[PDB]
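Enquirer: Got a structure here, written out as structure tokens. Questions coming.
FYI, it's all coordinate maths here, none of it is from the lab. A quick note on method: Cβ atoms are made from the backbone with ideal geometry, for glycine too, and the neighbour counts reach across all protein chains shown.
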Amino acid sequence: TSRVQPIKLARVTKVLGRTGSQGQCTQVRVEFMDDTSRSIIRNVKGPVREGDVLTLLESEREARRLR
Amino acid sequence: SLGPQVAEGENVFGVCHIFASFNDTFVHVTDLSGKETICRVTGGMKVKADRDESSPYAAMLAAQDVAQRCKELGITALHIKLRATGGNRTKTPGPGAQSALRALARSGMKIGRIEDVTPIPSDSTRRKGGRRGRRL
Amino acid sequence: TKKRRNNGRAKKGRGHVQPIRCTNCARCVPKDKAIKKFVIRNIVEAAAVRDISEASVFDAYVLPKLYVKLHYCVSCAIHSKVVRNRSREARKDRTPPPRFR
Amino acid sequence: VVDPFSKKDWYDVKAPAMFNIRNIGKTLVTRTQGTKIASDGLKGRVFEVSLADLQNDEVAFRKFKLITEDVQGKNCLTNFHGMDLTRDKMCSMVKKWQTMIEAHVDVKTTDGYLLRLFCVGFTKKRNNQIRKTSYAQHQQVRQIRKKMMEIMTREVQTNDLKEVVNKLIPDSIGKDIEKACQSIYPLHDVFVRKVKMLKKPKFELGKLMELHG
Amino acid sequence: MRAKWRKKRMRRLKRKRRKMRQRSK
RNA sequence: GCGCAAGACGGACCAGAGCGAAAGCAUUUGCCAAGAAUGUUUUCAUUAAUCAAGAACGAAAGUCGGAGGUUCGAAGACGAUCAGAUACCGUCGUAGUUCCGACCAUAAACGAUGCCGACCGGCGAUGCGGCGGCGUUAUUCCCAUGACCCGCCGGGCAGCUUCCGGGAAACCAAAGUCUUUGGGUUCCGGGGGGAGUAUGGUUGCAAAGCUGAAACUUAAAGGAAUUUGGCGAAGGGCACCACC
Ligand SMILES: [Zn+2]
């Protein structure tokens, strides 16, 4: 494939709704502490508190709603 | 087999005919005149399974193949010619053309004009099916 | 029971109109009876707009649109859930729904 | 077995002095192999170029047809072949609750070239308009169509291609249409749809030479 | 039934009866 | 990608808009002929309305005879479907579909409502012709016209509301002006099956069209609407006897 992605961080701001067929993935809007102007929408599985920090592998791809 | 023009001073242009239907996708790349072409690829070229012909995956594999061919030959920039099924059948573009465009743009080539060359008719003949249509 | 004031169409002074064909099927429907959607859409919906913006030779290039209209039979329209049904007392509302986005 | 790209040239295309931008890109052809002629293989190549790619920062929803005729070695020369309109633009003209006026003519210039021009028209919704419809009577549409046809069969035959396509660049024929039609019914959007080239005489090299320069 | 195919079957019966009548001549 | 040829159709403009007795009618232009509405201090002076017999037109399919047959596609052929499909589905495909003639006169030909005349509400709109009335425009002056605004008249397709009134109720500005029952006039129905059937006449090369019974059997067959219902209908909520 020959594709290399840099390590990306995150910072949650406000909680949102929950997606998934059984409600296991939770929407949350984030900010990047590396560059405090870009905000993307992602899904997180697991408990999330506001004021926490998330780890990623890439921050260039967004996810759909269901399918 | 190469572009004698310097890449920093100027960039060269070809066109591509992204034809996407509900069961196939084509990526066909030629120059501005369009008489002769660079290379061609279908939706079944990279996937042996027929069920996977109409998908983003065959489109992005086709886009990567023409991306490598245009990188090795020396064509840097491409114009866009999107195409639906056309005629009297369907005026809606397929769900693989956008992924093909994303894969062809994310690989580091310059874009040009984006124009739809869908063959819109004035009035064609009768559509396939019956009076009651393709009911199921 | 007379269900509607009109008869599912706008044929009030002609008697015969021209038939057209659907998109999901090929069912012949009269023109004033069918439910038609003049959809407006762009080339890139929401994903690669920044990709097109950065990788363009033309600076601040405006993205073109695509213009298309679709024809629906009633069964194909309700099967695609474009239009739904309500109460007969609220059936007498000719106003389109308020488009927010 | 072997790549055909070894037997491949790289020629250039040039616009005449009628345009502003000279070159637009590259073309591909093989060398001659006896019964195959490299000069013939560059003949029937129609091009699809935009107006902003041939001029400065003007309107960019117009397309021009350029056909090649002759080569001399590592470069080629083109000529005017027709006009086109962007389907985004043309599909953005047509909206509901206004009437369409469309005309055509078969008009011949001073030389042997013959053109078939088209026009399209869309009417004014007025500044003080309350009424939704704003249609036009059929005799009014008929005499506006006659006015457009007589204007575009007035403009063309008085000159040759070298200046009438110069008039055809910014808005000038459509300017004459939109300026000479406020009397019958006010109209707001008129351009030229297409120019379809119909007949060409015997090819001489001199006319192609004097346009290029 | 629906009256269309009942009428079609009745017309087929009429044609059969007329065939037997013209054969019985 | 460039040229050539064939036939079909006139998308987008295309509308609760128009015309026609109805079926029906859409590229541009030219020719012939016809027509409603409008305007009128023109003309004749009761020439009128509905109408058995008789007569014209008439969707699609169908038949006879030529030309043409691009596409579509009854009959039929081939694979998958389901327990079974000579059905749905896909590839082909005869006759038709197109034009010129010659025929039957059949549709949910429906506004499921025959025509003429008169009377009794409101409101905002649209199409046609005529008439006025601040104002803007084809540049300015300036009149006449086209365009726009504000009112009116007459006819037409329509729309919203209504304790006028009516109806079994859906609903109706007509399905109203009906026990307080009578403006004029053509067709048509007496419980449901048998049956639009047998027979006879009629028209047609033919498919069939019009006219149209009886025996026997039956106590229900029907129309409107409320209440729970049953949805492989849409739209919300809940439960570890539903799940991640
Ligand atoms: Zn449909």
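Enquirer: Of all GluC sites (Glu not before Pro) in the range B:1-50, which ones are in loop regions per DSSP and have a Cβ with at most 10 other Cβ atoms within 10 Å?
Expert: Within the range B:1-50, the qualifying GluC sites (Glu not before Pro) (loop, at most 10 other Cβ atoms within 10 Å) are B:8.
Enquirer: Are there trypsin sites (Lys or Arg not before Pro) in the range D:30-91 that DSSP puts in a loop and that have at most 15 other Cβ atoms within 10 Å, and which ones?
Expert: Here the trypsin sites (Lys or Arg not before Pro) that fit, given the DSSP loop and packing criteria, are D:31, D:36, D:43, D:74.
Enquirer: Can you pull the Kirkwood radius for chain D, inverse mean 1/r over Cα pairs, to one decimal in Å?
Expert: In chain D this quantity evaluates to 19.7 Å.
Enquirer: Same structure, new question: Volume per residue, Å³, of the convex hull around the alpha-carbon atoms of the range A:4-67?
Expert: 94
Enquirer: Name the trypsin sites (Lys or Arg not before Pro) in the range C:13-85 that are in a loop by DSSP and that have at most 12 other C-beta atoms within 10 Å, would you?
Expert: Counting only loop positions with at most 12 other Cβ atoms within 10 Å, the trypsin sites (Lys or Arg not before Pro) in the range C:13-85 are C:14, C:81, C:84.
Enquirer: A further question follows. How would you rank D:97, D:10, going from fewest to most other Cβ atoms within 10 Å of each one's own Cβ?
Expert: Fewest-to-most ranking of D:97, D:10: D:97, D:10.
Enquirer: Give me C:63, A:66 sorted ascending by neighbouring Cβ count inside 10 Å, so fewest comes first. Present the calculation step by step, with values, prior to reporting the outcome.
Expert: Numbers: C:63 14, A:66 6.
Ordered by Cβ neighbours within 10 Å, fewest first: A:66, C:63.
Enquirer: Can you flag which of D:63/D:125; D:7/D:36; B:128/D:95; B:35/D:36 are past 18 Å Cα-Cα?
Expert: Table pairs above 18 Å Cα-Cα are D:63/D:125; B:128/D:95.
Enquirer: Could I ask something else about it? Hey, how much of the P(r) for chain B falls beyond 18 Å, as a percent of Cα pairs? Write down the numbers at each step before the final one.
Expert: Working: 5308 of 9180 pairs.
Distances greater than 18 Å cover 58 percent of the Cα pairs.
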